[PDB]
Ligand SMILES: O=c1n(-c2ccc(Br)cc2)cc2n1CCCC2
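Only one chain is included here, represented as structure tokens and corresponding to the form solved without this ligand.
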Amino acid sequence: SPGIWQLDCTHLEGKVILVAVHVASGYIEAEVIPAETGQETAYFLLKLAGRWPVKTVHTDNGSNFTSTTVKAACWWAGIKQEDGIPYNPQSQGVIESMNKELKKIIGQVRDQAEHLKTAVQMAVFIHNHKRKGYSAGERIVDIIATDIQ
């Protein structure tokens, strides 16, 4: 499970926040996009897979699962695309909670950032650095290091 990620799309200020969560650690990367198109999702996954060893992605919905451009990016990057259907129901609630938590952080920084995209990146930072005692950033690095060795 060191290579497993989940896509998550949430909305705020009439914009779309696209999130990738590393399932085993809770570590995230996120971007603001105008709308959640196959093309945007494909580009986001290319960026993600160049940065971390992404083996499997649970896509966030059937449109992206279907998307020719998403399928092309996954092929290019060596990613196995899977559905993101919560056969374990506690999955959906974990996501919902993260979306709520991310929006909360965004609200707390919203003041220090002129643009939504800045506040989202501040939120990524705070989320990944939060000690819970290791942080998500520490967990993902330990998980993947153990996997290499």
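All residue numbers are counted from 1 along the displayed sequence.
Where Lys132 is followed by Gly133 in the displayed chain, the model omits 4 to 9 of the deposited residues that sit between the two.
A summary of the deposited B-factors shows that, of 62 to 70 and 119 to 127, the stretch with the larger mean C-alpha value is 62 to 70. Per-stretch averaging of Cα B factors for 108 to 116 and 40 to 48 places 108 to 116 on top.
The entry lists C-alpha B-factors for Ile28, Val32, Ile85, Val57, and the highest of these is at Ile85.
In the deposited entry, the Cα temperature factor of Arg139 places it in the middle third of its chain's modelled residues. Annotation for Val23: CA B-factor lies in the middle third of the chain's modelled residues.
This next part talks about the form deposited with this ligand bound, which is not shown.
Steric access to the site is open in the shown form: after superposition of the site C-alphas, this ligand as positioned in the deposited bound form comes no closer than 2.4 Å to any backbone or C-beta atom. The three marked residues, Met98, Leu102 and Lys132, each reach this ligand in the deposited bound form, with a heavy atom inside 4.5 Å. Proximity of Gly26 to this ligand in the deposited bound form: non-hydrogen atoms within 4.5 Å are present.
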